Amino acid sequence: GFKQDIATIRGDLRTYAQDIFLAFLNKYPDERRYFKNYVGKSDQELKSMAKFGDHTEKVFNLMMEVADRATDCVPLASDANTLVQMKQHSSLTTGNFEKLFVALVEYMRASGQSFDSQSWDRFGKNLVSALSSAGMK
Ligand code: HEM
């Protein structure tokens, strides 16, 4: 279930973080414009870029903390507020986050692995609602 998936992701966070983040950028290539250091870099070039690994790790660690603090895939309003108020997110809208969760759920469905994809899609929906409530356009 969803709690086991957090443990699966955390066990190999760097690899899952890098692989899901790349799946996101490759499915929605316009999103790469927000990451001006990752423009014009192949998957293997980014795996060799220390800041890419550090960024993706820090993003997925926070995502897994928000997921673990959720109850029945409902995130805390305080965690949504953190994601809205972050300086690095100031230009974003809820559609950037729904694209990340669409990509994440499709990655999970395609993997060899027994992810609770329906729960990640619900979590993403609930998080988008919470981001909108915390003032994201
Ligand atoms: C639940 C989803 C997300 C979480 C948990 C998250 C978390 C984070 C964290 C923790 C950082 C700082 C990392 C560091 O200092 O190295 C960060 C940076 C950033 N985030 Fe997000 N983020 C999310 C979704 C998104 C989305 C959908 C976008 C844009 C499409 C985005 C754009 C950025 C950008 C542009 C930065 C600055 C890049 C950098 O660290 O150099 N984030 N995010």
# chains A, B, ... in the order shown; residues from 1 in each chain; ligands from 1
>>> select_by_dssp(residues="range 33-89 of chain A", states="alpha helix (DSSP H)", output="NGL selection string")
:A and (43-47 or 50-69 or 77-85)
>>> write_last_selection(atoms="N, CA, C and O atoms", output="short mmCIF file (atom, residue, chain, number, x, y, z; two decimals), in the first residue's frame")
data_model
loop_
_atom_site.label_atom_id
_atom_site.label_comp_id
_atom_site.auth_asym_id
_atom_site.auth_seq_id
_atom_site.Cartn_x
_atom_site.Cartn_y
_atom_site.Cartn_z
N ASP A 43 19.81 12.39 -19.75
CA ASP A 43 19.53 11.67 -18.48
C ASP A 43 20.87 11.32 -17.84
O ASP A 43 21.07 11.61 -16.63
N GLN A 44 21.79 10.74 -18.61
CA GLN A 44 23.07 10.26 -18.04
C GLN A 44 23.94 11.46 -17.64
O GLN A 44 24.64 11.37 -16.64
N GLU A 45 23.90 12.59 -18.37
CA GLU A 45 24.62 13.84 -18.05
C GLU A 45 24.11 14.37 -16.68
O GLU A 45 24.94 14.66 -15.80
N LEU A 46 22.78 14.38 -16.47
CA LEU A 46 22.18 14.83 -15.19
C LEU A 46 22.55 13.87 -14.04
O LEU A 46 22.83 14.36 -12.94
N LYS A 47 22.57 12.56 -14.26
CA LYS A 47 22.97 11.58 -13.20
C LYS A 47 24.40 11.90 -12.73
O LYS A 47 24.70 11.64 -11.55
N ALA A 50 26.26 16.59 -9.73
CA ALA A 50 26.05 16.50 -8.27
C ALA A 50 24.83 17.31 -7.81
O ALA A 50 24.07 16.82 -6.92
N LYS A 51 24.63 18.52 -8.33
CA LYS A 51 23.49 19.32 -7.83
C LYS A 51 22.17 18.64 -8.26
O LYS A 51 21.22 18.71 -7.50
N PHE A 52 22.13 17.97 -9.41
CA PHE A 52 20.87 17.31 -9.84
C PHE A 52 20.51 16.24 -8.81
O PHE A 52 19.34 16.14 -8.37
N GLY A 53 21.46 15.39 -8.47
CA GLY A 53 21.23 14.37 -7.43
C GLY A 53 20.82 15.00 -6.11
O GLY A 53 19.84 14.53 -5.49
N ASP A 54 21.51 16.06 -5.65
CA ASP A 54 21.15 16.76 -4.38
C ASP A 54 19.76 17.41 -4.47
O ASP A 54 18.96 17.30 -3.51
N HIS A 55 19.40 18.06 -5.58
CA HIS A 55 18.06 18.67 -5.75
C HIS A 55 16.99 17.58 -5.65
O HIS A 55 16.08 17.72 -4.88
N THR A 56 17.11 16.56 -6.47
CA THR A 56 16.08 15.51 -6.62
C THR A 56 15.93 14.79 -5.29
O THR A 56 14.82 14.54 -4.89
N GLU A 57 17.04 14.51 -4.62
CA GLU A 57 17.01 13.85 -3.29
C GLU A 57 16.22 14.75 -2.34
O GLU A 57 15.35 14.22 -1.64
N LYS A 58 16.53 16.04 -2.27
CA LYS A 58 15.90 16.94 -1.27
C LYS A 58 14.40 17.05 -1.60
O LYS A 58 13.59 16.94 -0.67
N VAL A 59 14.05 17.09 -2.88
CA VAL A 59 12.62 17.18 -3.31
C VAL A 59 11.89 15.92 -2.83
O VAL A 59 10.82 16.02 -2.19
N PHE A 60 12.42 14.75 -3.12
CA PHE A 60 11.72 13.47 -2.85
C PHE A 60 11.77 13.18 -1.35
O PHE A 60 10.85 12.57 -0.86
N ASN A 61 12.81 13.59 -0.65
CA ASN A 61 12.76 13.45 0.83
C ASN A 61 11.59 14.25 1.37
O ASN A 61 10.84 13.75 2.21
N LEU A 62 11.44 15.50 0.98
CA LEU A 62 10.31 16.31 1.48
C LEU A 62 9.01 15.64 1.03
O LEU A 62 8.11 15.55 1.84
N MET A 63 8.90 15.25 -0.25
CA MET A 63 7.64 14.61 -0.71
C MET A 63 7.31 13.40 0.18
O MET A 63 6.14 13.23 0.53
N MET A 64 8.29 12.57 0.55
CA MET A 64 8.03 11.35 1.34
C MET A 64 7.68 11.76 2.77
O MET A 64 6.87 11.07 3.37
N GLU A 65 8.24 12.84 3.30
CA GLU A 65 7.86 13.32 4.67
C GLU A 65 6.39 13.78 4.63
O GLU A 65 5.65 13.43 5.55
N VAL A 66 6.00 14.52 3.60
CA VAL A 66 4.58 14.99 3.43
C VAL A 66 3.68 13.76 3.27
O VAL A 66 2.61 13.71 3.90
N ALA A 67 4.10 12.77 2.50
CA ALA A 67 3.30 11.54 2.29
C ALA A 67 3.15 10.78 3.61
O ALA A 67 2.07 10.29 3.93
N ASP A 68 4.22 10.70 4.38
CA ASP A 68 4.22 9.92 5.65
C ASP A 68 3.38 10.64 6.71
O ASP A 68 2.69 9.93 7.50
N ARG A 69 3.31 11.97 6.65
CA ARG A 69 2.51 12.75 7.63
C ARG A 69 1.04 12.79 7.23
O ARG A 69 0.19 13.14 8.13
N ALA A 77 -2.33 20.61 5.85
CA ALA A 77 -2.43 21.98 5.29
C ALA A 77 -1.10 22.70 5.49
O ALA A 77 -0.66 23.38 4.56
N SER A 78 -0.45 22.46 6.62
CA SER A 78 0.87 23.11 6.93
C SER A 78 1.93 22.66 5.92
O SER A 78 2.78 23.49 5.51
N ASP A 79 1.89 21.39 5.49
CA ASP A 79 2.87 20.91 4.48
C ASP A 79 2.57 21.55 3.14
O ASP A 79 3.54 21.87 2.41
N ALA A 80 1.29 21.66 2.76
CA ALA A 80 0.91 22.36 1.51
C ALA A 80 1.43 23.80 1.59
O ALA A 80 1.95 24.30 0.58
N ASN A 81 1.25 24.45 2.74
CA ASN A 81 1.65 25.87 2.90
C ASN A 81 3.16 26.00 2.66
O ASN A 81 3.58 26.86 1.84
N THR A 82 3.96 25.12 3.27
CA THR A 82 5.43 25.07 3.03
C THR A 82 5.73 25.06 1.53
O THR A 82 6.60 25.84 1.13
N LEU A 83 5.06 24.22 0.73
CA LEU A 83 5.34 24.10 -0.71
C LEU A 83 4.91 25.38 -1.45
O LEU A 83 5.57 25.76 -2.41
N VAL A 84 3.86 26.05 -0.99
CA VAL A 84 3.39 27.30 -1.66
C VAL A 84 4.35 28.43 -1.35
O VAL A 84 4.64 29.24 -2.27
N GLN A 85 4.80 28.52 -0.10
CA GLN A 85 5.57 29.71 0.33
C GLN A 85 7.05 29.62 -0.08
O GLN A 85 7.75 30.63 0.02
#
>>> closest_residue(among="A:7, A:75, A:90, A:20", to="residue 109 in chain A", atoms="only C-alpha atoms")
A:20
>>> closest_residue(among="A:18, A:94, A:111, A:88", to="residue 125 in chain A", atoms="only C-alpha atoms")
A:94
>>> residues_around(residues="residue 71 in chain A", least_positions_apart="5", cutoff="12 Å", atoms="only C-alpha atoms", output="number ranges by chain")
A: 2-3, 66, 76-77, 119, 122-123, 126
>>> closest_residue(among="A:92, A:104, A:130, A:110", to="ligand 1", atoms="only C-alpha atoms and all ligand atoms")
A:92
>>> atom_distance(atom1="atom 13 (C, counted along the ligand's line) of ligand 1", atom2="CA of residue 48 in chain A")
17.3 Å
>>> atom_distance(atom1="CA of residue 112 in chain A", atom2="atom 10 (C, counted along the ligand's line) of ligand 1")
27.4 Å
>>> residues_around(residues="residue 115 in chain A", least_positions_apart="6", cutoff="9 Å", atoms="only C-alpha atoms", output="CSV table (one decimal) with N, CA and C atoms, in the first residue's frame")
chain,number,residue,atom,x,y,z
A,1,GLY,N,0.8,-1.2,0.0
A,1,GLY,CA,0.0,0.0,0.0
A,1,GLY,C,0.9,1.3,0.0
A,2,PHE,N,0.2,2.4,0.2
A,2,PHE,CA,0.9,3.7,0.2
A,2,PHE,C,2.0,3.7,1.2
A,4,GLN,N,3.9,1.3,2.4
A,4,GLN,CA,5.0,0.5,1.8
A,4,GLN,C,5.6,1.2,0.7
A,5,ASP,N,4.9,1.9,-0.2
A,5,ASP,CA,5.5,2.6,-1.3
A,5,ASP,C,6.5,3.7,-0.8
A,8,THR,N,9.6,1.8,0.0
A,8,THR,CA,10.2,1.4,-1.2
A,8,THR,C,11.0,2.6,-1.8
A,105,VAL,N,2.6,8.8,-11.3
A,105,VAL,CA,1.7,7.7,-11.3
A,105,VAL,C,2.0,6.8,-12.5
A,108,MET,N,5.0,4.7,-11.9
A,108,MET,CA,4.7,3.6,-11.0
A,108,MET,C,3.9,2.5,-11.7
A,109,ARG,N,3.0,2.9,-12.6
A,109,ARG,CA,2.2,1.8,-13.3
A,109,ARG,C,3.1,1.1,-14.3
>>> closest_residue(among="A:22, A:136, A:9, A:127", to="ligand 1", atoms="only C-alpha atoms and all ligand atoms")
A:127
>>> closest_residue(among="A:135, A:11, A:29, A:40", to="ligand 1", atoms="only C-alpha atoms and all ligand atoms")
A:29
>>> closest_residue(among="A:96, A:91, A:26, A:37", to="ligand 1", atoms="only C-alpha atoms and all ligand atoms")
A:96
